[PDB]
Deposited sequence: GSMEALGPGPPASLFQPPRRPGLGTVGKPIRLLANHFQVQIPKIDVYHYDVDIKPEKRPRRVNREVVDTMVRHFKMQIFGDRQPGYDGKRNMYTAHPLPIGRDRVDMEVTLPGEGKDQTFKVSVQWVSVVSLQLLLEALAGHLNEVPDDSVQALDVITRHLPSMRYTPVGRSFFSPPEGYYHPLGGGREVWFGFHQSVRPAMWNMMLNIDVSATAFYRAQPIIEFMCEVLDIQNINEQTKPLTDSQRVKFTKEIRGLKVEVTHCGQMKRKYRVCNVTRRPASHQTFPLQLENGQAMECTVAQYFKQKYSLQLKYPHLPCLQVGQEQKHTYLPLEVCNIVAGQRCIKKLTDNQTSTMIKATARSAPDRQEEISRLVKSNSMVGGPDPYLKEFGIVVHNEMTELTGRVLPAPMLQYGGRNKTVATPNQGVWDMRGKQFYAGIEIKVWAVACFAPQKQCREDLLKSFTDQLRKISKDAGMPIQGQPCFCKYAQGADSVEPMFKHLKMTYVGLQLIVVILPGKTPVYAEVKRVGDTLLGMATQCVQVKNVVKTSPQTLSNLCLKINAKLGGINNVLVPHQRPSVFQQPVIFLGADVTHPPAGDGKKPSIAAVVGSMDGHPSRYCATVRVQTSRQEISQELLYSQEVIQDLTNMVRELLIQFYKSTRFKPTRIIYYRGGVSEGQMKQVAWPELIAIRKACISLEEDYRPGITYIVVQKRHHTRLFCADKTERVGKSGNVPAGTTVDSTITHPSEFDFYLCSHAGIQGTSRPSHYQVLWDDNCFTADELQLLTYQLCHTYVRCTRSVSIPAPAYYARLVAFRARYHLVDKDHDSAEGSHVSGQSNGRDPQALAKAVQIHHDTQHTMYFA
């Protein structure tokens, strides 16, 4: 365990901007809360059941134990009261019926809310976790009884609204709620929310949606296989059951040992029911005919959404910032005996605060002249500018996997002609026509074609691949190119070939130049923070998880002092589940490539860590710090550069709004790029800040939250905020400030790519590891661009 650094001070750089945040002040008195352990048997019942078990225990045992107490309870083992229960330190056993439960209640501790207030007043080092937890349980007791909790959110069925997603799924709306420490006062973070549920409906209706069926003959081959995969694991009601599988033969014929009896007869002997769909199968739970079953209401959709379900939901849930602002405000302003029990009061107005809009860097371009760009509202363009270091492309090939019918030769020639012209304008001149331009079909053609190209065209620098929409070909192109043969590839969808655009072509060149080792632009050097006065390396790290399938760890590192070029490392691995297991070897590799490229080891390591929750970040940071130092020692004994460890988070629900309407930007009306907050809603003592580095395009922007868990380098607040913002302008794929620093974003791209490498075109842990190994001809290139 360790102490993260204190906030070194408040930032003062940038234009002041009046803001509102969806943090609502919580008034807490200087009182105890009394904490009791709750032991319910039978053991693991669903959390919602424990809540009603305890809720009914409280009411039935009123005169004997609870009296006028309104206890907070988390649905697990934690109960909180404003005054001690009449039971001393003794474990008291009770019994309650709904099934009969046995519940034990026992004093475990006094929790001090005054101690929490002392920490918020700066009088204390650490914010006490027991107090924050008590407050969370108390303030979320009522909505937990009234709504359907999902994580820290609460949802309600779509009463009187029709919001379909397809595949038997629907949108439920609700809100996120969390308690957060701030200076002086606790805050309640409230944000509107929405998520996907299975609609409560007849199984037969569900079956028709999933299985392509317009209207009402037994099922078929691959109908039933997909109908299963969508219904397996769901609760149905007729009492409730769980679906193991569906049956292969119809209810008319599906037997079970009773005699030997089949399903249809069984339900007219008892239920006196003539099946209207005896030709339909049964759900295995063990057999229930479809027409007797309904999906049970309130089941979260856990499976991944299709791409269009995802779209539908965003369009149903993405509102402009001022619209989101008004919805939050109205939600909060629209009785709570658990709050009253502890004299807790929640203010119904958003917190007002002042942030700063940081100045954006200037970017240096090159080629024909030392041209420059600086963003306006988070965006700039490459018009009339050439790359700082542009690659000359002399040998390149085109492979079109779209049908010639769909992408005629004159369409293809026009595409390559235009791409040549744009590339020359950008200072990455594609010299002459492709050495190879052919049509092909199917992923199976990729490997022999690329082998042939590598064999035949010495100096081949690039293969441009035209794809026919979503296809297995993409994953195979990257497998062969990145891992098998080490050949740079740039894919492009046929729709962007047959219907071209200069912006699209220009953006392609951004990626191609980076892939081939060019430098698109650099931060203007003398305007970087002072950290660049000595060799410094920037690392970005992330871990992606599957929804069996492996987790993937990615760490990227700058390879020059600009910083523009980055090298990647990636691993397959199986709170300690979040730690990057091979971090020492990965960081070692990146340090060595930096050393090789610049001829210096860095005196400082700046490490941006994505993919970790607030609750686990300290537990993750400590072993990762040890691992980074071990990597340093492996390059040279006693080599101890200063490390700054910064967690980047954007899955939180803090939202910032312009207090002054005239300062809203664009149709979405968001805060401007550069908007930074390091007071009022941030941590009372630790070193954290919000920075909305990007321009909001649609809906409400999510400002990234940065938490400094370690800092040998003693950054000032301004230096680190400015550094972080400038790194958001070095991302090669667009001339825009992006929402997280380039190295953190690359780490995600590297992890996503590894997923494609793991696809099996039609496994052992060492096999998984070799699958994501990049070929050496590309291992130190920006293949992930």
remark   = Deposited seq positions with no alpha-carbon in the coordinates run 1 to 13, 112 to 117, 236 to 239, 262 to 268, 289 to 295, 323 to 328, 378 to 383, 597 to 600, 628 to 637, 826 to 840
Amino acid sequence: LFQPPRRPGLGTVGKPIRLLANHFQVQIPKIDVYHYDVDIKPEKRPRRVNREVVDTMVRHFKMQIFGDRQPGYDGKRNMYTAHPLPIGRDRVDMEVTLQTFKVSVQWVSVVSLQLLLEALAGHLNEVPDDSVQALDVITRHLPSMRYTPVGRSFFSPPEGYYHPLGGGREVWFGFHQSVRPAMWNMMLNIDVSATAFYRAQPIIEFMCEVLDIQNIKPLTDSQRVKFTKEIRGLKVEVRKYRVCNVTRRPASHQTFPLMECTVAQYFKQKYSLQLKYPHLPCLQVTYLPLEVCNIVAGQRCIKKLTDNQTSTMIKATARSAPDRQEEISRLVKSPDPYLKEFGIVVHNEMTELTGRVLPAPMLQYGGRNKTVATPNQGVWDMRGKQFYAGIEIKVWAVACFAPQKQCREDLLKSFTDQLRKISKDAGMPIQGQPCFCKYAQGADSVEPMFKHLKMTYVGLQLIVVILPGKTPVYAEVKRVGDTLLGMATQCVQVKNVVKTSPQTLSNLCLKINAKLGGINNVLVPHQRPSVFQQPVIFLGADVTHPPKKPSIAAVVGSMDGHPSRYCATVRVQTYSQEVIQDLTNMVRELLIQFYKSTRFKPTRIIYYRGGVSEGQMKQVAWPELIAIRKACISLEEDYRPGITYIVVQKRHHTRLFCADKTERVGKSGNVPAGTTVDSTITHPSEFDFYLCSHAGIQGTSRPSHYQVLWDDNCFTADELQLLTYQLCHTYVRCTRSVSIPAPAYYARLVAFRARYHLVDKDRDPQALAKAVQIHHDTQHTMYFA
From here on, numbers count along this sequence of modelled residues.
note = With B-factors read from the PDB entry, the higher C-alpha mean of 612 to 620 and 705 to 713 is in 612 to 620
task = Check the entry's C-alpha temperature factors for 59 to 67 and 744 to 752, then say which stretch has the higher mean.
result = 59 to 67
task = Choose from 389, 258, 192, 658 the residue with the greatest Cα B-factor as stated in the PDB record.
result = 258
task = Specify which of 696, 432, 181, 561 carries the largest Cα B factor in the deposited PDB entry.
result = 432
request  = Classify residue 589 as lowest, middle or highest third according to the C-alpha B-factor given in the PDB entry, relative to its own chain.
outcome  = lowest
query = Taking the entry's C-alpha B-factors for this chain, is residue 230 in the lowest, middle or highest third?
reply = highest
Chain thirds of CA B-factor: placement of residue 773 = middle
ask   = Hey, what third does residue 1 fall into on Cα B-factor, ranked over its chain?
value = highest
Third of chain Cα B-factors occupied by residue 44 = highest
